[PDB]
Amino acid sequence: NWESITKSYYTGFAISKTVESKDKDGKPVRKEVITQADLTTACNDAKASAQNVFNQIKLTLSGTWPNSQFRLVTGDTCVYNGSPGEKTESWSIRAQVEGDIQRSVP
């Protein structure tokens, strides 16, 4: 029997990288790129952040409930505030994962 203590978002970031190219008329163009692989990495960072927090919080939980076991239930996929692509100016995407800290209840 698992019961949620607290569920919140944990964040990872996909940061744009500068890319140089030329247009159809040969004019040089400067772009700021975020790829789909960058979003996946940012989501893995969000999941690792949730685990990192759980690892510290569990130190207190074992004192609050010494007869319980604890777990972190992380969302399978993230919710993002942007899509991969290219932009004129430097930019980022936030990958948010739900991290639910739970305890077993007798």
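Start at 1 and count along the sequence shown; that's the residue number.
Relative to its counterpart among 21-29 and 5-13, 21-29 has the higher mean temperature factor, C-alpha atoms as listed in the PDB entry. For the two regions 74-82 and 30-38, the entry's Cα B-factors average higher over 30-38. Sort the modelled residues of the chain by CA B factor and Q56 lands in the lowest third. In the deposited entry, the Cα temperature factor of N44 sits in the middle third of values across the chain's modelled residues.
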